[PDB]
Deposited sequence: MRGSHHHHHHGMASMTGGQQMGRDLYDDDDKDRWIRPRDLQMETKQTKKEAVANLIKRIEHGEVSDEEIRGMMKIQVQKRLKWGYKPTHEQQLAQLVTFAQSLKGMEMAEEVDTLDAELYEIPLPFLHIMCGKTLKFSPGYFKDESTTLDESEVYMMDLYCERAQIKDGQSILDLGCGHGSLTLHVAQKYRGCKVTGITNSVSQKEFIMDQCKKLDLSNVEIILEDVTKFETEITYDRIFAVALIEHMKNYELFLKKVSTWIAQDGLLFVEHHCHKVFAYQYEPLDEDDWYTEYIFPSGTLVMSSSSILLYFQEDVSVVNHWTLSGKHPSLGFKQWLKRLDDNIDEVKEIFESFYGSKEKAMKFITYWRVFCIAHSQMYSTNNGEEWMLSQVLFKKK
């Protein structure tokens, strides 16, 4: 019944510093769980995990919040995406899970001859984007409101982005097979995924003093490893593969935390309207604070050489 610690964090009786201390322990426990004494064992563990994903299913916000939130490190990364995806003016572009449309809007403005199509889960996000289009006068963008795991079209695209989407997937084979059908002749697919450098795992509690896992990930999601997509090349082939150290996401979470805290009184306002309650507002806020605190700590581990980012460029076949 570990479930008491939370409202303590939640009335603020547990400091950010204590939460980092707690995550340090969680990190050491996860690393010890995953690492193996020999390469033979370490690799077997990864191939066995990849095979298990093939037995799974592909997969399982107020607008004043998006306005407050949503910094040129974001710009750097998005230029890096365009360069590694070899974007050229004139191409048709598909953005899978475009979210806040940060990438969709950036490409549309940089490459005015491109046609950029975004696919999103949410009304609020489609709204934020297509009304970002009106202020930059972008005629460049179409947003389709739909489930990516359910979407399909006769249309093919020169370039497909899949950033922050793998994190919600389990059966990578079914995902890449479906996406492969949308790739035009000589088209390319760019994927970015948070990972551990060496091993993969499902978010399951490590022992009965592990609160992080069920708190942050209440059913079954997967942390990928940096090389795991190399074992899913039945329908696409790898063109290139890069990683970036955990310091980059670490900083991202800390900056996001800062923007939230710097604006906390108006965020606290927005979520009371949206949720109709101060208690529920308070618990959205606490969840996302702990998320940033805990993941900032996680990605910083060992100078960013444990958890990190993986980017993979695919072509069809």
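Going by the record, the unmodelled stretches of the deposited sequence, in order, are 1-50, 111-121, 132-149, 298.
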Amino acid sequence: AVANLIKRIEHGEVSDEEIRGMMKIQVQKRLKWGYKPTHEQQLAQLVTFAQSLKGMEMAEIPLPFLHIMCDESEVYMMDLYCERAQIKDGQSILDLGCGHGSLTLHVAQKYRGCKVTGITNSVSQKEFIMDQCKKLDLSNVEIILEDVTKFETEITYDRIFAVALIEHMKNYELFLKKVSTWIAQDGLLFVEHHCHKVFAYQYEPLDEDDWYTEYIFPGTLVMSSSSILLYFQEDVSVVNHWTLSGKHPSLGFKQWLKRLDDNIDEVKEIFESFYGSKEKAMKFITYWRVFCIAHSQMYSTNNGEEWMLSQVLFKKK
From here on, numbers count along this sequence of modelled residues.
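Just going by the entry, 241-249 versus 107-115 on mean CA temperature factor gives the higher value to 107-115. Taking the mean C-alpha B-factor of each stretch as recorded, 207-215 and 155-163 are not equal, and the higher mean is that of 207-215.
The PDB entry gives the largest Cα B-factor of the residues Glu173, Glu83, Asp71, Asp95 to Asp71.
Considering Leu229, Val179, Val198, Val148 together, the PDB entry gives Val148 the largest C-alpha B factor. Split the chain's modelled residues into thirds by C-alpha temperature factor. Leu46 is in the lowest one. Ranked by C-alpha B-factor against the other modelled residues of its chain, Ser52 falls in the lowest third. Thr220: CA B factor lies in the highest third for its chain, per the PDB record. Sort the chain's modelled residues by C-alpha temperature factor and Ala184 lands in the middle third, per the entry. Among all modelled residues in its chain, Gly21 ranks in the middle third by Cα B-factor.
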